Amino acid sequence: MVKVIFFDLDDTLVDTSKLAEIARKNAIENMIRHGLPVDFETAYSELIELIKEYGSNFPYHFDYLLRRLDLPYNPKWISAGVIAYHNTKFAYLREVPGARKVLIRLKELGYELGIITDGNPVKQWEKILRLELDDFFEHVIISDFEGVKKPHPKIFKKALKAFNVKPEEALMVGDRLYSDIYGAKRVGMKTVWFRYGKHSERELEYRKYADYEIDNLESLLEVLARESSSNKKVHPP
């Protein structure tokens, strides 16, 4: 008996990865527009390699890109990249196609909704408030408050307790088979894998933990309607 539907935030409700990609491309293009003496293909390829070598959250990608290209520190070029990166984030932040329409319909149907995500609480809430997703959700469960990262069972159990619902009365929708799907199924929740983006072979080994698979968020409505034989019921282990 599904009463609560939980969603991951990034790449399920919000188009985070795609936005990041476009922001990075625009950053390089703006650096070039302002003088960076390198072609886009070369500069962007090096940025990607730099990101894989130094990490996604390294604070000096643009400064190090200049070092990598044997160019002297140039605050003009670096600022050009930062400006374009931020401008992109400000202008294109958006929901994954169909997300809002689906949320509105779920509320119209009477489901209670929640979010289960990882990351800095303020940053995650910024996405929620900027996209006006706030009153769609009764609770926003963030793993960092609990000192764990999904798929750790602690955060999923906390989500269930917040809504005071049994595992089988909850359904998790997420794009990541390991962190979202396996995590929710391990504690007894129903699961819907949103096949969005690319997945590694290791991640795909967790595909069995998904009760349903959808390529479009709209299809979630079909799944829930089908779940009209209830979930399974009381019974056993």
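Residue numbers run from 1 along the displayed sequence.
Higher average CA B factor: 50-58, of the stretches 50-58 and 191-199. Look at the C-alpha B-factors of 178-186 and of 200-208. On average they run higher in 200-208. Residues shown: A99, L106, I78, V140. Highest C-alpha temperature factor in the entry: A99. Among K158, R130, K166, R94, the highest C-alpha B-factor recorded in the PDB entry belongs to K166.
When the modelled residues of the chain are ordered by their C-alpha B factor, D215 lands in the highest third. In this PDB entry, the Cα temperature factor of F90 sits in the top third of its chain's modelled residues, the highest group. When the modelled residues of the chain are ordered by C-alpha B-factor, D11 sits in the middle third. Ranked against the other modelled residues of its chain, the C-alpha B-factor of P153 as given in the entry falls in the middle third.
Among all modelled residues in this chain, the alpha-carbon of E126 has a temperature factor (C-alpha) in the lowest third.
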